[PDB]
Amino acid sequence: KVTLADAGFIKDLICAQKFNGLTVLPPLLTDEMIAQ
Amino acid sequence: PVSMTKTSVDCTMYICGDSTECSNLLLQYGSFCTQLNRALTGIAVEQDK
Amino acid sequence: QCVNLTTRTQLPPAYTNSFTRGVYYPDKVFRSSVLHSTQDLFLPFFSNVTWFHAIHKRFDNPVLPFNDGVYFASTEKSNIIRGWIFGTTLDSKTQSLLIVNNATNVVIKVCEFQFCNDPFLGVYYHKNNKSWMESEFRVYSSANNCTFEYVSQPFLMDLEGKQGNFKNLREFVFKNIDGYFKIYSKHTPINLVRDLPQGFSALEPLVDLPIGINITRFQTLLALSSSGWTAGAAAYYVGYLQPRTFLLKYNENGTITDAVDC
Amino acid sequence: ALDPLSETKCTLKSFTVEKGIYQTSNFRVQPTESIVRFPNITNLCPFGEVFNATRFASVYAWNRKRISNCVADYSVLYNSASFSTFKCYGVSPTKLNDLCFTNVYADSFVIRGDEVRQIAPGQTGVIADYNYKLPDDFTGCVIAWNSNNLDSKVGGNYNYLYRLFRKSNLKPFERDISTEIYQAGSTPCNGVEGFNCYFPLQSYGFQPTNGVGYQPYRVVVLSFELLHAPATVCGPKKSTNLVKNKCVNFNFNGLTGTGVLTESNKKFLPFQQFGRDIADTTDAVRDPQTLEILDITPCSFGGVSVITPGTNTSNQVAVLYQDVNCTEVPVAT
Amino acid sequence: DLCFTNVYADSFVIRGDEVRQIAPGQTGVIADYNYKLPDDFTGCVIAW
Amino acid sequence: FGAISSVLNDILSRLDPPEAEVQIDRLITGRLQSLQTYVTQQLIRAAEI
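Colleague: Report on the overall build of chain C, specifying residues and quantitative values.
Modeller: Scanning chain C for helices and strands turns up zero helices and 17 strands. At 19 Å, chain C has a C-alpha radius of gyration in line with the 18 Å of a compact globule built from 262 residues. Oriented by its inertia axes, the alpha-carbon framework of chain C measures out at about 60 × 45 × 40 Å. The buried share among the 262 residues of chain C stands at 44%. Accessible surface for chain C amounts to roughly 13,400 Å². Of this, 53% is attributable to carbon and sulfur atoms. One way to put it: in chain C the 23 positive side-chain charges average out to a point 6 Å from where the 21 negative ones average out.

Here's what the structure looks like:
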């Protein structure tokens, strides 16, 4: 139901955000440890 | 809600994009970018906490 | 030389609507898949514009005022529209612009011209040789000083055609900014009779001129012994511009596809 | 700059570093070589057709010539010592040798000596209000020098003349030819002449033994426009060969930048030349020698973090290159 | 009423109407081939 | 922000730095102030989360 965005994988507005000093740090807990 | 997305900003790429004279003029302003990087690091730690 | 042609019906002018027309590319910078807000002269949507036409009888070429540019259009068969005059007093005191898109060349002159009551063009009508050949060039009598001249390549366009429903559909924007006379254009085949097409199209930048003069009036040149003549069925539309902020939409292909009259 | 451990010390301003991970300064691929692309314009510009003209027009009928499609050199007119003043406004004259322009306008006239101060944009006065006005965002240069010996005669070459009286101020780049009479009195005047019916033009007393401040000077204005059009008139720089998929410095018609040029799928319409981003950065550009559209991407970069235990324990560290495949680290600020 | 480490006096003769070009930050003939002053200059220029 | 253009590489390749300091200073002021507004708003949202 929730449509996220801005994955920002290395090679969109996300790429333009990448090329100007704006970075997205990935979370510490993944999507499976939360489920566990 | 529990958390929000961890965002980090780098000044010297944002403000003075790939210029040397711009950054040399920027160091006259002191240590602002250290504070901004510190604040975003504090938020990014707090999300994991 | 000219002949005072008056062999025509007198009618009141027609007022029509400018639905979704009157926007162009604001500069030559490519953008893609984005919404962009700009400020320039534009033609406001659903504004009141003037309809003139020549049928059979009917042949009206009045001198009209030129303020802040013009949105022109014309629906036509048999390629009757060929030329346009621009200036401010038109009686050998200020330089004038002449464009003639006749059969052979594209002739653009910026000269100190001298016109008369009825300056116009015309061809004879199908004198058993299957051709309308040029026979009437009665526009001006004097040209004193002329800064810019240009004659394009010679060619031969078609000078015949009979459809009651016109297909040739020409759209132009003329503007004078910084002494720069700016020509934006588009041509369309359309299945239409007597009005303006309901729809939308971008107006591509085409021509700039560095003329540097002030123009307040203009006149239009349509194609036709001294009386007794046939005028081809065609119509043209005149509208006037206004400085208004707009919101424009660039697609993936960088085509102005949609617009917001703000 | 020795090792990441000293980098961590430097950004914390301590000799000691505690346990953890610290984000630090970022890395960047350096450009390797420089690329210059200019069009194939060959012929030279007719400056002597302006400066060494035998006759100069009057200031109320100032002459404009449109110079285009030639390769100039502004240093050769720049370093000549004969000029009384050479002052520019939109640019600075050093960079003029290697910036390319789309069309150049050359305006020439003659003026009395001590009103060259009034030729500068933004000032007002006699000349700036009735004869020649420059707009406030003027981008060009003004050159002026005295020419007393060549034009002024002992009888007085009084064919140089200027407007005194005028109905109103005139807009930038406006010019008037008019013989209409002026009504400095409140009553209207007709015919030709009467009491307070003034002819708007008047000639200078240009005679050669006159004092300074009354000397005739020649004034030339260059009024090019900048960097937003398919250009014609460049500065004398020779072109390089075209390199793709390397970190380079590119100089496309004066557009300076650093990155990687790549074959694009962007299907330009022919009247276009450039391409921007959301953040107003050029990303697509048209080569002025081969009409192909090149995508511009800045080189690789990303985060660098250092992982350390405490310096009370040991002095071995480790590095995290953030958000990249490993392979960009061997070539690597 | 200040004090200075050492004072440097430079003297020469030029043509009279290029004393505008002796000012720091300007360019021209004299400023590019004969004598250039740095942009953060401190001192005085006297000419007569 | 009141300078003649918003692209830094335009200003570096049009003027020599003794007057380009004036333009670049305006850009530094504007961008630094905008960045400060962003980090303040992100701090308040972090407290809410």
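From this point, the discussion proceeds with the structure in view.
Colleague: Quick rundown of the pattern of salt bridges? Include the residues and the values.
Modeller: One pass over the full model with this rule turns up 19 salt bridges over all chains. Between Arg58 of chain C and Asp60 of chain C there is a salt bridge, with its nearest N and O atoms 3.9 Å apart. With a relative accessible area of 6%, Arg58 of chain C lands in the buried category. Between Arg112 of chain D and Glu115 of chain D there is a salt bridge whose closest N-O contact spans 2.7 Å. Residue class for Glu115 of chain D comes out buried when judged on its relative accessible area of 10%. Beyond isolated ion pairs, a larger network of salt bridges with shared partners links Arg112, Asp114 and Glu115 of chain D.

Colleague: Please give an account of the environment of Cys100 of chain D that cites residues and values.
Modeller: Residues and elements named next belong to chain D. Here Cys100 shows up in the loop between β4 (85-88) and β5 (104-112). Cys100 sits 69 residues away from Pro31 along the chain, and the two C-alpha atoms are 23 Å apart. Look past the residues within four positions of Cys100 in its chain and what remains in contact with it is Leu227, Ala231, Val233, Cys234 and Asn253.

Colleague: So what's going on with a negative patch on the surface? Residues and values would help.
Modeller: A surface patch of like charges, here negative, comprises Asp39 and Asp40 of chain E together with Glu21 and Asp25 of chain F. Along the chain, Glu21 of chain F falls in helix α2 (residues 17-48).

Colleague: Kindly report on the UniProt feature "disulfide bond" in chain D, identifying the contributing residues and their values.
Modeller: All names here are of chain D. Judged by the 2.5 Å criterion, the UniProt-annotated disulfide of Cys45 with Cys70 is present, its S-S distance being 2.0 Å. Note that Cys45 is positioned in the loop between β2 (33-37) and α2 (48-51) and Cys70 in the loop between β3 (63-67) and α3 (75-78), a separation of 25 residues in sequence. Relative accessible area serves as the criterion here: at 2%, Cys70 is assigned to the buried category.

Colleague: Give a detailed account of a nonpolar patch on the surface, specifying residues and quantitative values.
Modeller: Where nonpolar side chains cluster on the molecular surface, the patch consists of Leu28, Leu29, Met33 and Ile34 of chain A and spans about 440 Å² of accessible area. Among the structural elements, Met33 of chain A can be located in the segment after β1 (22-25).

Colleague: Lay out the interface of chain B and chain F in plain terms, naming residues and giving numbers.
Modeller: Contacts between the two partners involve 22 residues from chain B and, on the opposite side, 17 residues from chain F. For the pair chain B and chain F, the two sides together bury roughly 1,900 Å², of which 78% comes from carbon and sulfur. Put simply, chain B and chain F have zero salt bridges between them. Summed over the shared surface of chain B and chain F, the result is two residue pairs in polar contact.

Criteria and cut-off values
Residues numbered from 1 in each chain as written, not as in the entry; some residues may be left out. Chains lettered and ligands numbered in written order. Part of a larger assembly, values for the part shown. Heavy atoms only, no water. Helix = DSSP H or I, 4+ residues; strand = E, 2+ residues; numbered from the N terminus. Rg over C-alpha atoms; globule rule 2.2 N^0.38 Å. Buried < 20%, exposed > 50% of the residue type's maximum accessible area, 1.4 Å probe, protein only. Areas by Shrake-Rupley, 256 points an atom, 1.4 Å probe, with all protein chains shown as cover. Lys, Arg positive; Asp, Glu negative; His and termini not counted. Charge placed at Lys NZ, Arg CZ, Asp CG, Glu CD. Salt bridge = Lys/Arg side-chain N within 4 Å of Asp/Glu carboxyl O. Contact = heavy atoms within 4.5 Å. Patch = residues over 30% accessible without salt bridge, like charges linked within 9 Å, V, L, I, M, F, W, Y side chains within 5 Å. Disulfide = S-S within 2.5 Å. UniProt positions renumbered as here; feature names shortened; annotations may be inferred. Buried area = accessible area lost by both parts, 1.4 Å probe. Polar contact = N/O pair within 3.5 Å; in protein donor to acceptor, adjacent residues only side chain to side chain.

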